[PDB]
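I have placed the structure first, in the form of structure tokens, so that the comments after it can refer back to it.
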Amino acid sequence: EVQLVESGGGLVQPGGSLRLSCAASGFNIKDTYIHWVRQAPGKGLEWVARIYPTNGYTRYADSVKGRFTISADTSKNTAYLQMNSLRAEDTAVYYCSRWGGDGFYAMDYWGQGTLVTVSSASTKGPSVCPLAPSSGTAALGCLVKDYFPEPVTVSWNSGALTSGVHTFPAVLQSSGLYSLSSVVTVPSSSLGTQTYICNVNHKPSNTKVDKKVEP
Amino acid sequence: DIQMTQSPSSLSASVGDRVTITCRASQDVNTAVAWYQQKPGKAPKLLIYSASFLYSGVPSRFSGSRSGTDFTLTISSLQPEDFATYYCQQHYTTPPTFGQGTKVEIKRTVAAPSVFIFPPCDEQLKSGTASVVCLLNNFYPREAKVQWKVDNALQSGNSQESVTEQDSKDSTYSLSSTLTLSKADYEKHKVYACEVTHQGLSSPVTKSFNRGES
Numbered sequence: 001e002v003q004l005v006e007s008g009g010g011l012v013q014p015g016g017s018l019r020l021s022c023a024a025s026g027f028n029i030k031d032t033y034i035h036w037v038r039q040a041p042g043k044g045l046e047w048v049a050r051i052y053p054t055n056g057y058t059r060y061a062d063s064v065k066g067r068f069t070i071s072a073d074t075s076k077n078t079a080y081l082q083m084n085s086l087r088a089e090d091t092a093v094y095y096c097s098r099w100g101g102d103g104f105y106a107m108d109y110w111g112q113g114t115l116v117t118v119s120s121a122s123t124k125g126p127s128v129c130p131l132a133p134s135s136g137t138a139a140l141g142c143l144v145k146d147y148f149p150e151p152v153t154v155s156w157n158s159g160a161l162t163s164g165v166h167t168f169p170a171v172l173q174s175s176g177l178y179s180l181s182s183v184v185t186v187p188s189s190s191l192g193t194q195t196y197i198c199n200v201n202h203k204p205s206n207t208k209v210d211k212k213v214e215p
Numbered sequence: 216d217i218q219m220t221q222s223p224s225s226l227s228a229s230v231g232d233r234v235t236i237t238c239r240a241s242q243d244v245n246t247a248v249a250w251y252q253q254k255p256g257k258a259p260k261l262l263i264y265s266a267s268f269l270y271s272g273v274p275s276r277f278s279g280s281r282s283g284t285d286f287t288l289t290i291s292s293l294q295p296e297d298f299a300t301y302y303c304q305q306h307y308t309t310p311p312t313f314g315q316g317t318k319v320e321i322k323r324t325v326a327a328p329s330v331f332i333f334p335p336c337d338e339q340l341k342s343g344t345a346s347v348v349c350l351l352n353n354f355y356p357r358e359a360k361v362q363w364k365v366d367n368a369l370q371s372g373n374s375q376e377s378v379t380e381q382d383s384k385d386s387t388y389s390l391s392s393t394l395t396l397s398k399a400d401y402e403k404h405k406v407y408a409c410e411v412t413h414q415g416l417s418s419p420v421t422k423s424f425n426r427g428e429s
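See below:
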């Protein structure tokens with residue numbers, strides 16, 4: 001079972017530094033090249049660096065060379081990206097990836113990515129506000145307001161309610177804080193026959209909230 | 216670095232349609248090109264390698280080909296699940312480079328949104344800001360005009376929209392529009408209305424509430 005798992009991402013001030021790691025299992029990184037590829041929110045994919053872990057040879061994109069250092073530890077089956085002199089432009093999800101083959105130089109396996117946010121703004125937890133059904137089809141929701149940085153996750157009834165759910169992408173307000181809504185449509189008659197709880201988790205601030213949405 | 220010019224930037228085709236996505240290399244790249252599919256909030260996934268070879272576990276409707284420096288991705292029969300951004304990639308010389316993507320969209324019959332307005336809650340108010348939410352549910356096409364009226368005066372620049380990804384099954388969109396005022400300003404007005412114009416509605420739909428009643 002091939003797995004790539006990135007860690008180390010988070011909030012860091014401009015001019016600061018951060019070390020990412022890409023832990024591999026189900027294959028030996030010595031048998032291939034490992035890459036870091038990054039994506040800024042709403043933007044395309046940008047290759048950052050790569051390493052051949054057997055001899056440790058490295059290449060970099062112009063946009064990062066001199067600031068970023070890729071490395072590897074073949075016994076721990078893990079690649080690293082030391083990121084120094086970080087700028088606002090470096091803000092992105094960072095994926096690590098492999099070619100994984102002899103004459104097979106496509107990127108067949110990718111990790112799930114780690115989010116690096118370069119900003120002077122501090123961490124703040126969301127307020128969670130229920131959106132009540134007002135009274136066919138009724139709608140209700142939860143507003144998750146003024147949190148930083150991304151990401152926020154939301155489920156309904158601990159993941160048991162999924163049908164009709166819409167959790168919208170966050171919007172960035174002019175204040176520099178995020179907010180997002182999650183809603184669900186339900187039959188109007190159902191409103192007296194079940195409770196609805198939205199489960200909000202903001203990892204960066206360690207804020208967990210469970211608001212009941214009362215009609 | 217070698218530039219990979221991908222066209223079109225976005226497209227819309229119906230289920231069963233033959234879609235064709237083109238990528239052109241600025242320098243020679245041999246057959247060292249791959250194609251990826253990216254769904255929102257997730258890693259890219261490999262479709263094609265070395266220009267023309269299907270990667271195992273990818274449906275047969277995905278294929279690839281080359282014509283010198285022109286590279287083509289063909290989805291022979293588009294499906295509701297194929298909503299994504301597709302990327303070409305040369306890996307002939309370092310740095311490997313990606314095209315800027317092609318957003319594929321599923322075309323379907325028109326569907327009018329249901330509309331819901333939500334007032335701000337008591338908790339949020341005390342913080343010094345009030346948010347009013349308008350929900351458009353399960354509609355197509357994406358294009359929708361959502362206008363905010365406060366005491367019948369049209370608002371500008373104080374709302375923000377967000378849209379879900381196309382529904383994997385019924386190929387519709389949903390949309391949230393949040394109107395943000397101050398607690399002070401919100402307290403000075405009575406009638407809050409969301410006005411929705413859309414291809415599937417014969418005339419604009421309005422949902423409103425009055426502050427003081429709910």
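Sequences listed follow chains H and A, in order. The opening residue of the first sequence carries number 1 in this note's numbering; numbering runs sequentially from there. The opening residue of the second sequence carries number 216 in this note's numbering; numbering runs sequentially from there. Ideal placement from N, C-alpha and C gives every residue a C-beta, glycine not left out.
Residue 129(H) versus chain A: which residues are under 7 Å apart at the beta carbon?
-> Within 7 Å of the CB of residue 129(H), the CB atoms of chain A belong to 336, 338 and 339, in sequence order along the chain.
How about residue 136(H) and residue 315(A): do their beta carbons lie closer than 7 Å?
-> No, the pair does not count as a contact, with Cβ atoms beyond the cut-off.
Is there contact between the segment 298–312 of chain A and the segment 358–373 of chain A, where contact requires at least three CB pairs shorter than 8 Å?
-> The segment 298–312 of chain A vs the segment 358–373 of chain A: no contact.
Element boundaries [alpha helix (DSSP H), containing residue 191(H)] | From DSSP, residue 191(H) is part of no alpha helix (DSSP H); its letter is neither H nor E.
Residue from 413(A), 360(A), 239(A) and 329(A) with nearest C-alpha to residue 184(H) = Taking only the C-alpha atoms, the option nearest residue 184(H) is 329(A).
Consider the Cβ of residue 352(A): report whether some Cβ of chain H lies at a distance smaller than 7 Å.
-> So, interface residue.
Beta carbon of residue 319(A) nearer than 7 Å to that of residue 285(A) | Cβ atoms of residue 319(A) and residue 285(A): not closer than 7 Å.
Tell me, to the nearest whole angstrom, how far the beta carbon of residue 190(H) is from that of residue 145(H); I am working on the premise that it is less than 8 Å.
-> Contact doesn't hold; Cβ gap of about 27 Å is too wide.
Would you mind listing the beta strand (DSSP E) stretches within the segment 90–159 of chain H that are 3+ residues and don't spill past its ends, in chain order?
-> Unbroken beta strand (DSSP E) runs of no fewer than 3 residues, entirely contained in the segment 90–159 of chain H, are found at 92–98, 114–118, 127–131, 137–147 and 153–156, following chain order.
Which first and last residues belong to the alpha helix (DSSP H) in which residue 339(A) is found?
-> Annotation: the continuous alpha helix (DSSP H) that includes residue 339(A) extends over 337–341.
Member of 99(H), 196(H) and 103(H) whose CA lies at the smallest distance from the CA of residue 142(H) | Ranking the options by Cα distance to residue 142(H), first place goes to 196(H).
Cβ of residue 312(A) within 7 Å of Cβ of residue 216(A)?
-> Taking 7 Å as the Cβ cut-off, residue 312(A) and residue 216(A) qualify as a contacting pair.
Any residues in the segment 244–260 of chain A with a beta carbon nearer than 7 Å to a beta carbon of chain H? Which ones, in chain order?
-> Listed in sequence order: 247, 249, 258 and 259.
Neighbour list for residue 47(H) in chain A, Cβ cutoff strictly below 8 Å = In chain order: 310, 311, 312 and 313.
Extent of the continuous beta strand (DSSP E) run through residue 360(A) = The continuous beta strand (DSSP E) containing residue 360(A) extends over residues 360–365.
Can you check whether the CB of residue 208(H) is closer than 7 Å to the CB of residue 198(H)?
-> Residue 208(H) sits away from residue 198(H), with the two beta carbons spaced by 7 Å or more.
Just grab the DSSP bridge partners of residue 432(A) for me.
-> This structure cannot speak to residue 432(A), because chain A is shown only from 216 to 429.
List, in order along the chain, the chain H residues whose C-beta lies closer than 8 Å to that of residue 346(A)?
-> Under the 8 Å cutoff, chain H gives 129, 143, 145 and 179.
Check whether the Cβ atoms of residue 74(H) and residue 30(H) lie closer than 7 Å to each other.
-> Result yes, Cβ atoms of residue 74(H) and residue 30(H) sit closer than 7 Å.
Roughly how many angstroms separate the alpha carbons of residue 172(H) and residue 41(H), rounded to a whole number?
-> Rounded to whole angstroms, residue 172(H) to residue 41(H) spans 11 Å at the Cα level.
Out of curiosity, what's the CA-to-CA distance linking residue 152(H) and residue 349(A)?
-> Going by C-alpha positions, residue 152(H) is about 21 Å away from residue 349(A).
Buried versus exposed, by CB contacts within 10 Å (16 or more), residue 352(A) | Classification of residue 352(A): buried, given that the 10 Å Cβ count is 16 or more.
Any chance the segment 231–241 of chain A sits against the segment 251–269 of chain A, with 3 or more Cβ pairs inside 8 Å?
-> With a cut-off of 8 Å, the segment 251–269 of chain A and the segment 231–241 of chain A do not count as touching, because too few Cβ pairs lie within range.
Neighbourhood of residue 246(A) by C-beta, 8 Å cutoff - its chain only, sequence neighbours within 5 removed | Hits under 8 Å: 265, 266, 267 and 281.
Measure from the alpha carbon of residue 54(H) to the alpha carbon of each residue in 12(H), 175(H) and 79(H), then state which is nearest.
-> The closest CA to that of residue 54(H), considering only 12(H), 175(H) and 79(H), is found on 79(H).
Can you give me the Cβ contacts of residue 227(A) inside the same chain, cut-off strictly under 6 Å, excluding the 5 residues immediately before and after it?
-> Cβ within range, chain order: 320 and 322.
Neighbourhood of residue 427(A) by C-beta distance below 7 Å, restricted to the same chain and skipping five residues each side | The beta carbon of residue 427(A) lies closer than 7 Å to those of 405 in the same chain, with the five residues before and after it left out.
Check whether the Cβ atoms of residue 215(H) and residue 133(H) sit closer than 7 Å, and answer yes or no.
-> Result yes, Cβ atoms of residue 215(H) and residue 133(H) sit closer than 7 Å.
How is residue 70(H) classed by DSSP in three states: helix, strand or coil?
-> DSSP places residue 70(H) within a strand segment (E or B) once states are collapsed to three.
With DSSP run on the structure shown, which of helix, strand or coil describes residue 380(A)?
-> Three-state DSSP puts residue 380(A) in coil, outside helix and strand.
Between the C-alpha atoms of residue 95(H) and residue 115(H), what's the straight-line distance to the nearest angstrom?
-> Going by the C-alpha atoms only, they are around 9 Å apart.
Identify, in the order they occur along the chain, each residue of the same chain with its Cβ nearer than 6 Å to the Cβ of residue 278(A), setting aside the five sequence neighbours on each side.
-> Correct list, in chain order: 289.
How big is the Cα-Cα spacing for residue 10(H) and residue 425(A)?
-> Residue 10(H) and residue 425(A) have their C-alpha atoms roughly 42 Å apart.
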